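Here the structure comes first, spelled out in structure tokens, and everything after it is commentary.
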Amino acid sequence: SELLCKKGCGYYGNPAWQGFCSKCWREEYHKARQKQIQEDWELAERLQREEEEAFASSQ
Amino acid sequence: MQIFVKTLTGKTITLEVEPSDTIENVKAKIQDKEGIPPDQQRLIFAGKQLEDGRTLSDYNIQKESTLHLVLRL
Ligand SMILES: [Zn+2]
């Protein structure tokens with residue numbers, strides 16, 4: 001039997017966790033969240049700066 | 001399930017929601033706890049402004065997902 005974790009940590013991967021073991025799955029999940037959180041902040045800042053400009057040319 | 005809504009001021013709002021909840025319904029909840037009128041709210045998730053008539057599930061917003069909130073001035 002050779003269904004080892006896709007990250008090569010040595011433990012067995014879960015088909016439900018896309019071939020990852022618990023720890024590696026959890027690490028990937030956190031990194032994916034962190035990236036989108038950060039990027040969504042950048043977008044929000046951009047949106048704020050857009051609001052500030054529309055408010056300026058208004059009142 | 002709970003989701004989190006971060007503002008640009010470091011504030012985090014916790015919400016009790018369901019995947020089938022509309023964005024409009026989420027905006028009403030935010031109004032209940034923060035007093036912000038729904039029409040002033042701009043919600044963001046995964047690089048998109050969220051449209052009032054779509055669902056949380058339409059954007060793959062799951063348990064412990066974090067959205068962002070900007071206010072119209
Ligand atoms: Zn692993």
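Every chain is numbered from 1, with letters handed out A, B, ... down the list of sequences. The figures here come from the full heavy-atom set of this structure, side chains too, leaving out hydrogens, waters and symmetry mates.
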Would you give the length of the straight line joining atom CD of A/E27 to atom NZ of A/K7, rounded to the nearest 0.5 angstrom?
7.5 Å
Non-hydrogen atoms of chain B under 4.5 Å away: do they reach the side chain of A/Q36, the backbone, both or neither?
side chain
For B/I13, is there any backbone N or O sitting under 3.5 Å from a side-chain donor or acceptor partner on B/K33?
no
Less than 4.5 Å apart, any side-chain heavy atom of B/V5 and any of B/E34?
no
Mark yes or no for whether A/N14, through its side chain, and A/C21, through its backbone, hold a donor-acceptor pair below 3.5 Å.
no
Can you list the residues of residues 63-73 of chain B that sit under 4.5 Å from chain A, counting heavy atoms only?
B/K63, B/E64, B/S65, B/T66, B/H68, B/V70, B/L71, B/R72, B/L73
Are B/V26 and B/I61 close enough that some pair of their side-chain heavy atoms sits under 4.5 Å apart?
no
Contacting moiety of B/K48, where chain A heavy atoms sit under 4.5 Å
backbone
Distance check, rounded to the nearest 0.5 Å: A/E50 atom CD versus B/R42 atom CZ?
6.5 Å
Can you tell if the side chain of B/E51 reaches within under 4.5 Å of the side chain of B/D58, non-hydrogen atoms only?
no
Heavy-atom cut-off 4.5 Å, strictly under: side chain, backbone, both or neither for A/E45 against chain B?
both
Nearest 0.5 Å please: distance from the CE atom of B/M1 over to the CG atom of B/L15.
10.0 Å
Heavy atoms only, distances under 4.5 angstrom: which of A/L47, A/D40, A/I37 has the most pairs with chain B? Name it, please.
A/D40
